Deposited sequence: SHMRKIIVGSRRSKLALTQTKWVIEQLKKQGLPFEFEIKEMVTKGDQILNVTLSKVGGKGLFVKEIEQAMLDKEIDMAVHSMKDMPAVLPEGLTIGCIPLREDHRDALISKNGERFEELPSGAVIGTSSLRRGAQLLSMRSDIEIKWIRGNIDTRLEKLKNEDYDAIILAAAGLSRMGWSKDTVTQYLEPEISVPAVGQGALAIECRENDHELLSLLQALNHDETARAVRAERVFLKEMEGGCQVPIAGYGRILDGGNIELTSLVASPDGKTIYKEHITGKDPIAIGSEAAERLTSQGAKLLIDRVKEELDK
């Protein structure tokens, strides 16, 4: 029959389309009368959505801006994937087993700093590209290992043949929003928001909300050595782990806070880390970029 067609904007990478299709598939499980169509195409997708050329987009939470364009909203945050960083070693060694002088590929200051805090006898080397591209570079270039989000390898069904060690947050505190998806739509698209509700996972959303509040107040992002990971405790409170590190790994600010309200705990986390010198550190790093 004649039903509303929801147009879903997506990047063209294997991962992006996979994430986008996952979302569509879960939405279809409600059995409501909507058609979905992907339009292969964060900010340019946002412009299209504002212009009503698309109705929604599925982004990796960790790549979302602190502030959405007025008129847009994160309409849904589904049940989180694995939040953990993953080590993929060419010759199958766990982190502490990598040879002295091992070359670990990442363009993330957050990842490289944490690794360097544990081991000063490894080398962090810049690497870029989509996750497949990066796996090909690990094979074909001078890297002994790489770090990737466990979530992307999971989504692709690649983990089994790649992951050498899943890194616990004790070892590597994840990027804010890692493993979470931001399903972005217009704030006034009430029909769509209503459809997205059954997909929203309140415990994921609350945790991520705390992480983001902290990141916003610290003025962090992908380019800065800042981390935050919130989980829901069995008791129902959120526990937020917050971290800022010097790029060489020698100075770590790291704190835990537990509470009910994501805004209050994210804010208090930023206040505490800022009071310890973490914001000055981030400001100085940005000065040398």
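Student: Need the unmodelled segments of the deposited chain, numbered from 1, in order.
Tutor: No coordinates exist for the deposited residues in 42-62, 311-312, so these stretches are absent from the model.
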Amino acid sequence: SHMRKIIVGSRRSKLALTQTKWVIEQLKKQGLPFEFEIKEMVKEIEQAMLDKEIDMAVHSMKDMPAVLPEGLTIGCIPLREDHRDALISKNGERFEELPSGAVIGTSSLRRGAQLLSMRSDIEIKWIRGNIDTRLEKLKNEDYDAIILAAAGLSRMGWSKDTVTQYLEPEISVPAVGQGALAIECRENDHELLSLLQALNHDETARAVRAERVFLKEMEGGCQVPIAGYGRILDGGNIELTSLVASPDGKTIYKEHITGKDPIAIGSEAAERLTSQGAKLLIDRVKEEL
From here on, numbers count along this sequence of modelled residues.
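Student: So 43-51 or 60-68, which one's hotter by mean CA B-factor in the entry?
Tutor: Per the deposited B-factors, the answer is 43-51.
Student: Would you tell me which stretch averages the higher CA B-factor in the PDB entry, 177-185 or 131-139?
Tutor: On average, C-alpha B-factors are higher across 131-139.
Student: Please pick out which of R94, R84, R110, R209 has the largest Cα B-factor as recorded in the entry.
Tutor: Out of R94, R84, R110, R209, the record gives the largest C-alpha B-factor to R94.
Student: Quick one: which of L243, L27, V224, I238 shows the highest Cα temperature factor in the PDB entry?
Tutor: Answer, based on the entry's C-alpha B-factors: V224.
Student: Could you place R272 in the lowest, middle or highest third of its chain by Cα temperature factor, using the values in the record?
Tutor: Middle third of the chain for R272's C-alpha B-factor.
Student: Quick check for you: using the entry's CA B-factors within this chain, is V23 in the lowest, middle or highest third?
Tutor: Lowest third - that is where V23 ends up once the chain's C-alpha B-factors are sorted.
Student: Splitting the chain's C-alpha B-factors into thirds, which one does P78 fall into?
Tutor: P78: CA B-factor falls in the lowest third of its chain.
Student: Considering only modelled residues of the same chain, in which third does the CA B-factor of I7 rank: lowest, middle or highest?
Tutor: Its C-alpha B-factor, which the entry lists for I7, ranks in the lowest third among residues of this chain.
Student: Lowest, middle or highest third: where is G157 by C-alpha B factor in its chain?
Tutor: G157: CA B-factor falls in the middle third of its chain.
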